[PDB]
Amino acid sequence: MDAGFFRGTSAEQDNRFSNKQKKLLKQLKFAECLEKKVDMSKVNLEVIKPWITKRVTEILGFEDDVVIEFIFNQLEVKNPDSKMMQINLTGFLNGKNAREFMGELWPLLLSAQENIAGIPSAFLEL
Amino acid sequence: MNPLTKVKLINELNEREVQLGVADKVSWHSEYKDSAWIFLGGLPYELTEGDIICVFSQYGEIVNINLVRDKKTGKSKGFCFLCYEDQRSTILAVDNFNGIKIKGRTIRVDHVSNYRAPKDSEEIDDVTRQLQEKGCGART
Amino acid sequence: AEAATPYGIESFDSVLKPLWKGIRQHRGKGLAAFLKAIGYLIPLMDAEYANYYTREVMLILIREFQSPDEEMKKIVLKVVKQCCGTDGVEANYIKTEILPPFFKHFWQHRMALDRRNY
Amino acid sequence: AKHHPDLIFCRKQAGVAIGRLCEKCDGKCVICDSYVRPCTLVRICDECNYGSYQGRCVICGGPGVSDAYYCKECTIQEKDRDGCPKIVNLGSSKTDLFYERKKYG
Amino acid sequence: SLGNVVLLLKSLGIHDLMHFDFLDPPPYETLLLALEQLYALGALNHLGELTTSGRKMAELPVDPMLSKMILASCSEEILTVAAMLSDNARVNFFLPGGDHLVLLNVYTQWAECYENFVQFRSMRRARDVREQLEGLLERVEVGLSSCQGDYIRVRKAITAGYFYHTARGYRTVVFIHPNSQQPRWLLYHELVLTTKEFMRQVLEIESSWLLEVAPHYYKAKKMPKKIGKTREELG
Amino acid sequence: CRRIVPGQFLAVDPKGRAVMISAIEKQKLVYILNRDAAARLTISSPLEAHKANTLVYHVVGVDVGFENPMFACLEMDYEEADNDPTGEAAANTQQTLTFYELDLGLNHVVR
Ligand SMILES: [Zn+2]
Ligand SMILES: [Zn+2]
Ligand SMILES: [Zn+2]
């Protein structure tokens with residue numbers, strides 16, 4: 001047998017543990033606006049990227065390209081799940097920085113999809 | 001596949017032989033009985049050929065040495081071929097010297113079959129010509 | 001490619017070109033890994049392309065039967081089996097050109113001592 | 001098994017692979033572990049006969065020597081419909097036995 | 001080839017090509033093939049009478065299959081490619097898997113040679129070659145038109161005009177020249193030998209597309225890999 | 001006649017390469033049908049497409065030529081509606097048409 005057969009149980013098989021993703025979707029306090037749905041085809045991404053890079057870089061106190069690219073990779077799907085993104089960032093950032101971070105990245109993407117150009121308002125200004 | 005696993009694979013070849021109780025007439029080394037050439041690999045680059053001969057002489061008398069070197073710079077690639085005067089010294093050296101450490105680096109010593117000598121078409125050096133045609137050896 | 005047998009040939013179309021280029025180009029320690037990968041990709045692929053790739057990789061394996069390098073021997077036994085499954089090899093070709101160096105270089109006493117090689 | 005509470009079944013969607021039983025497990029039911037009255041043939045899910053594992057024992061995992069069945073009582077209760085019945089974890093009992101013999105021997 | 005020779009003779013009003021007087025009359029089989037080559041380009045009817053298409057091509061000093069393909073097919077860009085049809089720097093204007101496309105950006109950037117590894121002679125003639133073909137199109141009311149996509153526009157022309165040259169190395173319905181994986185069908189300008197069969201200046205083309213254009217001349221499936229189990233094998 | 005066990009809706013691929021059986025909600029299964037060399041029908045293991053909290057009104061197989069088999073559906077998601085005490089989310093949730101593609105290369109069904 002090239003590996004062992006036994007590799008541990010998956011979460012669909014094993015009832016001894018509760019679903020930690022659902023449990024965190026209950027008890028973390030999420031930001032006010034994350035329920036609005038986002039379409040990423042209507043959003044221009046590479047203009048969004050330098051702000052994220054800068055935002056994560058100053059929160060972290062250094063630059064972590066794995067956290068950067070992780071955030072970018074989560075935004076590649078058509079409808080990005082915002083609550084899972086705040087959960088998945090809570091480990092790296094404070095969990096208070098993650099809430100603020102989504103609280104500014106998310107209305108920015110909303111402003112971007114309302115535009116025709118793909119560009120949010122504060123970036124059209126400047 | 002890392003070189004250290006090659007060093008371990010030759011050693012496990014020997015330990016496995018001991019566990020099974022194989023006789024020396026049918027040992028793995030008996031496939032290389034015809035040749036008296038052994039590959040040494042993983043050497044430190046600081047070692048010169050006097051060092052190699054100085055150490056591998058514990059098991060017999062070295063007839064020829066081929067520490068292969070870079071063509072442009074001349075520095076050592078790290079591997080060389082040694083010919084012993086006795087063929088049985090190859091058995092002794094592959095068993096005893098495989099995986100020892102010299103300057104903090106483990107080396108692998110394995111039997112080499114049908115070793116083919118370098119052609120003297122190049123006139124790059126003279127001492128190499130002397131080594132090829134005549135080679136190191138005691139003179140009466 | 002081992003895990004996906006026999007599916008995904010269309011997913012692996014993107015890497016067939018650098019893999020091939022490396023097998024023709026590289027010599028040395030890269031060749032063992034690249035040759036392993038191409039040997040697993042051969043059963044995934046359909047008969048027309050399999051008959052192509054098996055012939056040239058058969059020519060590489062004939063050259064590599066000589067090689068006194070342990071990873072190369074572990075690789076080319078497997079790849080011999082994988083190219084022997086396809087129908088693009090001929091029985092005459094195998095017993096004329098694979099078979100004598102195969103039984104001269106692989107049926108040895110040191111091959112029988114390691115369990116994976118055995 | 002019914003004797004080990006910490007063992008866990010695969011329960012994925014079973015397929016066309018037939019599950020088999022090693023000499024030790026021959027003649028017993030995969031669910032309730034009985035020796036009598038075999039009613040239906042066991043099917044295992046695709047992942048569980050992947051590769052080298054093709055044809056091993058359903059209940060323990062050893063070389064399989066005959067086909068596995070469900071008994072009549074597990075058929076009537078429709079226990080044969082829950083999924084792949086391959087056991088996916090060794091459990092405490094198997095592991096303890098190994099370390100105990102190895103300590104001694 | 002006798003193909004264009006026929007379109008020039010049948011223009012002259014010669015109703016018998018068998019007994020016409022030449023000093024050394026050509027093979028009768030080469031005539032029948034040439035007569036058959038103008039057939040499938042729709043330059044003639046079934047009984048050998050000229051069509052509106054065949055009468056038009058004779059105004060072009062071209063091989064009729066090529067001219068026909070261009071006309072049928074991108075008119076400004078066919079005017080570009082067909083004129084041309086009569087490795088580092090190569091890469092920039094050379095799109096992968098095609099030769100007309102490579103030629104396309106060749107001329108297009110010419111009016112936009114030494115440093116690009118191109119010949120000022122070949123292009124200066126092609127500049128005049130394209131010049132004269134335009135005068136011949138306008139004269140007889142061949143419309144000047146452009147399409148949104150050139151690759152789509154040019155691919156169709158090659159399939160039509162040159163259809164007699166298509167390969168499934170490859171097999172004609174031959175090996176590639178040193179000139180240039182999903183694609184299995186090709187269209188090619190010219191054929192040549194040195195030690196082998198060589199295919200020159202080629203363009204990828206689906207088998208299905210060719211059938212739609214030339215049904216008479218030409219007169220992928222997703223299937224599951226694994227065979228499953230029958231009822232007997234299951235228990 | 002269970003609520004989640006398939007059997008209610010049944011759709012076949014118009015070329016005849018797959019069949020798809022689904023329950024009223026959250027459970028679908030595709031079977032790949034084939035012919036062996038003795039011209040006998042062979043069946044595969046089921047490929048599953050499951051989507052929780054989701055109602056199916058009808059499922060029909062789409063006539064794509066010899067591409068990967070498609071199946072079309074009249075789905076609806078009741079997940080949001082059971083969490084709105086005001087009852088608005090029941091009112092303005094809407095039915096979707098979703099297309100499932102059976103990727104015969106990768107042996108799996110993708111929504
Ligand atoms: Zn068992
Ligand atoms: Zn039972
Ligand atoms: Zn299973």
# chains A, B, ... in the order shown; residues from 1 in each chain; ligands from 1
call {"tool": "residues_near_ligand", "arguments": {"ligand": "ligand 2", "cutoff": "7 Å", "atoms": "only C-alpha atoms and all ligand atoms", "output": "JSON, numbers by chain"}}
result
{"D": [29, 30, 31, 32, 33, 34, 70, 71, 72, 73, 74]}
call {"tool": "closest_atom_pairs", "arguments": {"of": "chain C", "to": "chain E", "cutoff": "10 Å", "atoms": "only C-alpha atoms", "output": "tab-separated table"}}
result
residue	atom	partner	partner_atom	distance
C:6	CA	E:225	CA	7.6
C:7	CA	E:225	CA	7.7
C:10	CA	E:182	CA	9.6
C:13	CA	E:181	CA	8.2
C:14	CA	E:181	CA	9.6
C:16	CA	E:181	CA	9.6
C:17	CA	E:181	CA	9.3
C:44	CA	E:225	CA	9.9
C:46	CA	E:225	CA	9.6
call {"tool": "atom_distance", "arguments": {"atom1": "CA of residue 96 (chain C)", "atom2": "CA of residue 84 (chain C)"}}
result
13.9 Å
call {"tool": "interface_residues", "arguments": {"of": "chain B", "to": "chain C", "cutoff": "12 Å", "atoms": "only C-alpha atoms", "output": "ChimeraX atom specification"}}
result
/B:1-22,24-32,39,41,110-115
call {"tool": "residues_near_ligand", "arguments": {"ligand": "ligand 1", "cutoff": "12 Å", "atoms": "only C-alpha atoms and all ligand atoms", "output": "short mmCIF file (atom, residue, chain, number, x, y, z; two decimals) with C-alpha atoms, in the first residue's frame"}}
result
data_model
loop_
_atom_site.label_atom_id
_atom_site.label_comp_id
_atom_site.auth_asym_id
_atom_site.auth_seq_id
_atom_site.Cartn_x
_atom_site.Cartn_y
_atom_site.Cartn_z
CA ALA D 1 -17.55 -2.86 14.47
CA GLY D 19 -15.99 -5.26 -0.79
CA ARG D 20 -14.04 -8.28 0.34
CA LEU D 21 -13.07 -10.01 3.55
CA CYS D 22 -9.83 -11.59 4.69
CA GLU D 23 -9.66 -15.16 6.06
CA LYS D 24 -10.03 -13.91 9.63
CA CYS D 25 -13.23 -12.03 8.73
CA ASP D 26 -14.68 -14.61 6.38
CA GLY D 27 -18.37 -15.33 6.88
CA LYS D 28 -19.28 -12.38 9.11
CA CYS D 29 -21.48 -9.32 8.55
CA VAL D 30 -19.80 -6.00 8.10
CA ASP D 33 -20.84 -8.63 12.86
CA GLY D 55 -9.27 -5.85 -2.85
CA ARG D 56 -8.32 -5.57 0.79
CA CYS D 57 -10.53 -6.44 3.71
CA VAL D 58 -13.44 -4.14 4.48
CA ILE D 59 -13.56 -4.74 8.26
CA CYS D 60 -9.84 -4.99 9.18
CA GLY D 61 -7.87 -4.25 6.00
CA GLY D 62 -5.94 -7.48 5.33
CA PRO D 63 -5.65 -9.35 1.98
CA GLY D 64 -9.25 -10.16 1.03
CA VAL D 65 -10.18 -13.75 0.28
CA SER D 66 -13.97 -13.71 -0.20
CA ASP D 67 -16.87 -11.37 -0.81
CA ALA D 68 -18.54 -9.50 2.01
CA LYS D 86 -15.21 0.43 5.07
CA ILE D 87 -13.66 1.15 8.47
#
call {"tool": "residues_around", "arguments": {"residues": "region 197-203 of chain E", "least_positions_apart": "3", "cutoff": "12 Å", "atoms": "only C-alpha atoms", "output": "PyMOL selection string"}}
result
chain E and resi 81+84-86+94-103+151-152+154-159+162-163+165-167+169-172+174-180+183-194+206
call {"tool": "residues_near_ligand", "arguments": {"ligand": "ligand 3", "cutoff": "8 Å", "atoms": "only C-alpha atoms and all ligand atoms", "output": "PyMOL selection string"}}
result
chain D and resi 9-14+44-49+83-86+88
call {"tool": "decode", "arguments": {"residues": "region 10-55 of chain B", "atoms": "N, CA and C atoms", "output": "tab-separated table (two decimals), in the first residue's frame"}}
result
chain	number	residue	atom	x	y	z
B	10	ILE	N	23.63	1.74	0.23
B	10	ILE	CA	24.74	0.79	0.20
B	10	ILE	C	24.95	0.16	1.58
B	11	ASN	N	24.84	0.95	2.64
B	11	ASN	CA	24.99	0.36	3.97
B	11	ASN	C	23.89	-0.63	4.30
B	12	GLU	N	22.66	-0.36	3.87
B	12	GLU	CA	21.60	-1.31	4.13
B	12	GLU	C	21.75	-2.55	3.29
B	13	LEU	N	22.49	-2.43	2.20
B	13	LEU	CA	22.79	-3.56	1.33
B	13	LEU	C	23.63	-4.52	2.15
B	14	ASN	N	24.60	-3.98	2.88
B	14	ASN	CA	25.46	-4.80	3.74
B	14	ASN	C	24.74	-5.38	4.95
B	15	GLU	N	23.96	-4.57	5.66
B	15	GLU	CA	23.26	-5.06	6.85
B	15	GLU	C	22.26	-6.13	6.49
B	16	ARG	N	21.59	-5.95	5.35
B	16	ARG	CA	20.60	-6.90	4.88
B	16	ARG	C	21.27	-8.23	4.58
B	17	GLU	N	22.48	-8.17	4.03
B	17	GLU	CA	23.24	-9.37	3.71
B	17	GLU	C	23.57	-10.14	4.98
B	18	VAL	N	23.92	-9.41	6.03
B	18	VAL	CA	24.24	-10.02	7.31
B	18	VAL	C	23.02	-10.70	7.90
B	19	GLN	N	21.87	-10.02	7.86
B	19	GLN	CA	20.66	-10.62	8.41
B	19	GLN	C	20.26	-11.87	7.68
B	20	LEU	N	20.41	-11.89	6.37
B	20	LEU	CA	20.01	-13.08	5.64
B	20	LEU	C	21.04	-14.19	5.72
B	21	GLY	N	22.28	-13.87	6.03
B	21	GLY	CA	23.28	-14.90	6.13
B	21	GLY	C	23.88	-15.33	4.82
B	22	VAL	N	24.12	-14.40	3.91
B	22	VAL	CA	24.59	-14.73	2.58
B	22	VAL	C	26.09	-15.00	2.61
B	23	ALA	N	26.53	-15.99	1.84
B	23	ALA	CA	27.93	-16.36	1.77
B	23	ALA	C	28.68	-15.46	0.80
B	24	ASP	N	29.98	-15.35	1.03
B	24	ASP	CA	30.79	-14.34	0.36
B	24	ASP	C	31.00	-14.65	-1.10
B	25	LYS	N	30.84	-15.90	-1.48
B	25	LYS	CA	30.95	-16.29	-2.87
B	25	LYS	C	29.79	-15.75	-3.67
B	26	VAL	N	28.66	-15.53	-3.02
B	26	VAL	CA	27.50	-14.90	-3.63
B	26	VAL	C	27.16	-13.59	-2.96
B	27	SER	N	28.15	-12.80	-2.58
B	27	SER	CA	27.85	-11.51	-1.98
B	27	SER	C	27.58	-10.52	-3.11
B	28	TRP	N	27.02	-9.36	-2.79
B	28	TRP	CA	26.77	-8.40	-3.86
B	28	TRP	C	28.07	-7.95	-4.54
B	29	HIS	N	29.13	-7.76	-3.75
B	29	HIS	CA	30.42	-7.39	-4.30
B	29	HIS	C	30.94	-8.39	-5.34
B	30	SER	N	30.44	-9.63	-5.36
B	30	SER	CA	30.98	-10.57	-6.30
B	30	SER	C	30.55	-10.28	-7.72
B	31	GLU	N	29.67	-9.31	-7.91
B	31	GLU	CA	29.28	-8.93	-9.26
B	31	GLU	C	30.35	-7.99	-9.83
B	32	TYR	N	31.10	-7.36	-8.94
B	32	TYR	CA	32.16	-6.41	-9.29
B	32	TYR	C	33.56	-6.98	-9.09
B	33	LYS	N	33.67	-8.30	-9.00
B	33	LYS	CA	34.95	-8.95	-8.77
B	33	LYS	C	35.98	-8.67	-9.86
B	34	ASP	N	35.52	-8.60	-11.11
B	34	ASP	CA	36.41	-8.35	-12.24
B	34	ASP	C	37.14	-7.01	-12.18
B	35	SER	N	36.45	-5.96	-11.73
B	35	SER	CA	37.05	-4.63	-11.68
B	35	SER	C	37.74	-4.25	-10.36
B	36	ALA	N	38.71	-3.34	-10.46
B	36	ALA	CA	39.45	-2.83	-9.32
B	36	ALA	C	39.34	-1.31	-9.25
B	37	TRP	N	38.20	-0.79	-9.71
B	37	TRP	CA	37.95	0.64	-9.72
B	37	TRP	C	36.80	1.00	-8.80
B	38	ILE	N	36.99	2.03	-7.98
B	38	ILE	CA	35.94	2.47	-7.07
B	38	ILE	C	35.64	3.96	-7.19
B	39	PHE	N	34.35	4.28	-7.20
B	39	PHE	CA	33.87	5.64	-7.27
B	39	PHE	C	33.82	6.20	-5.88
B	40	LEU	N	34.32	7.40	-5.70
B	40	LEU	CA	34.21	8.12	-4.45
B	40	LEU	C	33.46	9.38	-4.74
B	41	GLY	N	32.43	9.66	-3.99
B	41	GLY	CA	31.59	10.80	-4.28
B	41	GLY	C	31.33	11.61	-3.04
B	42	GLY	N	31.06	12.88	-3.26
B	42	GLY	CA	30.72	13.74	-2.18
B	42	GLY	C	31.89	14.28	-1.44
B	43	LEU	N	33.07	14.27	-2.03
B	43	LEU	CA	34.27	14.70	-1.35
B	43	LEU	C	34.22	16.20	-1.11
B	44	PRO	N	34.90	16.68	-0.09
B	44	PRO	CA	35.06	18.12	0.04
B	44	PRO	C	35.90	18.64	-1.10
B	45	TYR	N	35.69	19.90	-1.44
B	45	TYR	CA	36.42	20.41	-2.58
B	45	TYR	C	37.83	20.79	-2.22
B	46	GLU	N	38.10	20.97	-0.93
B	46	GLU	CA	39.44	21.31	-0.50
B	46	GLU	C	40.42	20.17	-0.64
B	47	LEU	N	39.95	18.94	-0.64
B	47	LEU	CA	40.85	17.81	-0.72
B	47	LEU	C	41.50	17.73	-2.07
B	48	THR	N	42.79	17.52	-2.06
B	48	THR	CA	43.52	17.22	-3.26
B	48	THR	C	43.80	15.74	-3.33
B	49	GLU	N	44.54	15.35	-4.35
B	49	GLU	CA	44.67	13.94	-4.65
B	49	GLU	C	45.64	13.27	-3.71
B	50	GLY	N	46.56	14.03	-3.15
B	50	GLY	CA	47.40	13.51	-2.10
B	50	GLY	C	46.61	13.15	-0.86
B	51	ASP	N	45.55	13.89	-0.59
B	51	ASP	CA	44.69	13.57	0.53
B	51	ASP	C	43.92	12.29	0.30
B	52	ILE	N	43.33	12.14	-0.89
B	52	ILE	CA	42.54	10.97	-1.23
B	52	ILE	C	43.39	9.72	-1.13
B	53	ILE	N	44.59	9.79	-1.70
B	53	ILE	CA	45.51	8.66	-1.69
B	53	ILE	C	46.02	8.39	-0.29
B	54	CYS	N	46.18	9.45	0.48
B	54	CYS	CA	46.67	9.34	1.85
B	54	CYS	C	45.71	8.54	2.73
B	55	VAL	N	44.41	8.75	2.53
B	55	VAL	CA	43.40	8.06	3.33
B	55	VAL	C	42.98	6.70	2.78
